[PDB]
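For reference, the chain that follows is the form deposited in one PDB entry, supplied as structure tokens.
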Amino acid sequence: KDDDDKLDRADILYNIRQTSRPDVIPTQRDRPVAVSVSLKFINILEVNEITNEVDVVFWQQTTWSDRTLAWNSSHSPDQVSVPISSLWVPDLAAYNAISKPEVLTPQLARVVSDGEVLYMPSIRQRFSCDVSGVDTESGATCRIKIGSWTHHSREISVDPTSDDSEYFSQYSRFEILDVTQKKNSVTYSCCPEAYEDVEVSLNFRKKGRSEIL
């Protein structure tokens, strides 16, 4: 009932900008920042079986908490939209991306009165992954690994939260069999740091395939 009180929203934005530290990780209770990531695939635009590359569009549902941003919403809006330039956002990258992430949507996040932040850009991006079997019944399984680029596991944990039937375009030349998203840890022989990431396994295949029976 108080959502549409403009002055209240303006004051909330003011409060957020006073407290927000866009360049500092919001670690609370001496624990790493728990970042949840879930990709909702919207389309598969191009796949190349020779080069093992895919071109896809997905909604990157990204959530985390910063309780320093919280406010009492007993008589004020429960949520507001905030430009991400005013907020800290996780420095996520896909390890096997071969193009820049192209953000297709307005760069606004939602901040909830309990301090939860939700940012969900629609991203088009190209990846190097296993496209073998895309023209078969069992299809291909393209794996995409996403994690913090510069923050190791003691600082940020990136965690997962389907056939994406609610999201995936019915007009794609491909169809999604299954999308699994699992916790994964990465370490390199040179160095002690581990990186937490989510491994997204996209199992898909070409629609209306012609087979030899």
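Residues that one form lacks are left out of the comparison. Each form is matched to the other, and the largest set of C-alpha atoms that superpose within 1.5 Å is called the rigid core. The first residue of the sequence shown is number 1, and the count goes up from there.
Not pictured, yet referred to below: the form deposited in another entry.
Asks: Given a cut-off of 2 Å on Cα movement between the shown form and the other one, rigid core as reference, pick the single residue from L45, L177, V186, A34 that exceeds or meets it.
Replies: With the rigid core superposed, the residue that stands out is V186.
Asks: Out of closer and farther, which fits the Cα atoms of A97 and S189 in the other form compared with this form, where the change is 3 Å or more?
Replies: Compared with the shown chain, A97-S189 is farther in the other form.
Asks: Counting only residues modelled in both forms, where do runs of 3+ with a CA shift of at least 2 Å appear between the shown form and the other one, relative to the core?
Replies: Residues 185-195 form the single run that moves by 2 Å or more between the shown form and the other one.
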